[PDB]
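Descriptive structure summary
Here are the chains, one letter per residue:
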Amino acid sequence: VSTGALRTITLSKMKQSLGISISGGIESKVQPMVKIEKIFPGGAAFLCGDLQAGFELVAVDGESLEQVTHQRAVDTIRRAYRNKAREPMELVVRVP
Amino acid sequence: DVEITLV
Ligand SMILES: [Zn+2]
Ligand SMILES: [Zn+2]
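What counts and how
- What you see is numbering from 1 along each chain in written sequence order, possibly unlike the entry, with residues lacking coordinates removed.
- Naming scheme: in the order in which they are written, chains are lettered from A and ligands are numbered from 1.
- In computing side-chain properties, one takes all heavy atoms of the structure into account and sets aside hydrogens as well as water.
- The rule for donors is simple: N, O or S, within 2.8 Å of the metal, or within 3.2 Å if the metal is Na, K or Ca. Water isn't counted, so a site may look like it is missing partners.
- Each helix is a run of H or I in the DSSP string that is no shorter than four residues. Each strand is a run of E no shorter than two, and both are numbered from the N terminus.
- Residues belong to a common nonpolar core when they are buried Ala, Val, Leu, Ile, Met, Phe, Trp, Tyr or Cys residues joined through side-chain atoms within 4.5 Å.
- The buried label applies to any residue whose accessible area, calculated with a 1.4 Å probe on protein chains only, is under 20% of its type's maximum; exposed applies above 50%, and partly exposed to all values in between.
- Here, residues are in contact when the closest pair of their heavy atoms is within 4.5 Å.
- When two parts are brought into contact, each loses some accessible area as probed by a 1.4 Å sphere; the total of that loss over both is the buried area.
- Salt bridge, as applied in this entry: a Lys or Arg side-chain nitrogen positioned within 4 Å of an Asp or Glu carboxyl oxygen.
- Here a polar contact is recorded for every N or O atom pair within 3.5 Å, except that within protein the pair must consist of a potential hydrogen donor and a potential acceptor, and residues adjacent in sequence are included only if both atoms are side-chain atoms.
- Whether two strands pair depends on DSSP finding at least two bridges between them.

Identification of chain A as PDZ domain-containing protein 7 from Mus musculus is taken from the PDB entry.

Okay, structure coming up:
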């Protein structure tokens, strides 16, 4: 796979916790992009073998996370994961 | 300046 390849990954919203920390955001000069910082046990992401820490988040449920602030990214993913009617969650990512 | 938040 080439650096930064795009990949669409689906994730069920059944678990109460997404179980991920995210890092970065357009205010950051060091990490302008939003990346998965850590995947935590107990959550939904720990169960997806295609999700890894270090992936760049591009979109969630059709909502762009490109060039967004950290605050908007957190808010956008939270709203998507709590929207249980839309199942599964769709995450567009760029792999390292 | 990298922010990290548990989602
Ligand atoms: Zn600020
Ligand atoms: Zn991005």
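Within the protein, the atoms that donate to the zinc ion (ligand 1) are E27(A) (OE) and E27(A) (OE), at distances of 2.1 to 2.5 Å. Structurally, the position occupied by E27(A) is in the loop between strand 2 (20-23) and strand 3 (35-39).

Side chains that are nonpolar tend, in soluble globular proteins, to be buried together. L18(A), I22(A), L51(A) and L57(A) are the most contacted members of the largest nonpolar core, which totals 27 residues. For this core, the secondary-structure elements that each account for two or more residues are strand 1 (6-11), strand 2, strand 3, strand 4 (56-60), helix 1 (70-82) and strand 6 (89-94) of chain A.

Here we take up the coordination of the zinc ion (ligand 2). Protein coordination at the zinc ion (ligand 2): the donors are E56(A) (OE) and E66(A) (OE), at 2.0 to 2.2 Å from the metal. Of this pair, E56(A) sits in strand 4 while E66(A) is found in the loop between strand 5 (63-64) and helix 1, placing the two residues 10 residues apart along the sequence.

Turning next to the interface of chain B and chain A. Between chain B and chain A, the residue contacts involve 7 residues of the former and 18 residues of the latter. Across the chain B to chain A interface the summed buried area is about 1100 Å²; carbon plus sulfur atoms make up 57%. Contact with chain A buries area across many residues of chain B, yet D1(B), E3(B) and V7(B) alone supply 56% of it, more than any other trio. If you look at where chain B meets chain A, you find 0 salt bridges. Between the two partners, chain B and chain A, sit 9 residue pairs in polar contact. Taken together, the 3 bridges between strand 2 of chain A and strand 1 (residues 4-6) of chain B define a ladder with antiparallel strand orientation. Looking across to strand 1 of chain B, one finds that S21(A) is bridged to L6(B).

The next point concerns the side chain of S23(A). By the secondary structure assignment, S23(A) is in strand 2. A polar contact is formed between the side chain of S23(A) and the side chain of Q31(A), at a distance of 2.9 Å. Once residues within four sequence positions are removed from consideration, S23(A) is found in contact with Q31(A), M33(A), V34(A), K35(A), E37(A), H70(A), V2(B), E3(B) and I4(B).

The next subject is the pattern of salt bridges. All names here are of chain A. Under the defined criterion, the tally for this structure stands at 3 salt bridges over all chains. With a closest N to O distance of 3.4 Å, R7 and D50 form a salt bridge. Here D50 lies in the loop between strand 3 and strand 4 and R7 lies in strand 1, a separation of 43 residues in the sequence. For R86, the salt bridge goes to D61, with nearest N and O atoms at 3.6 Å. Highlighted residues: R86 in the loop between helix 1 and strand 6 and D61 in the loop between strand 4 and strand 5, separated in sequence by 25 residues. Several salt bridges share partner residues, and in doing so they unite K13, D61 and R86 into one network.

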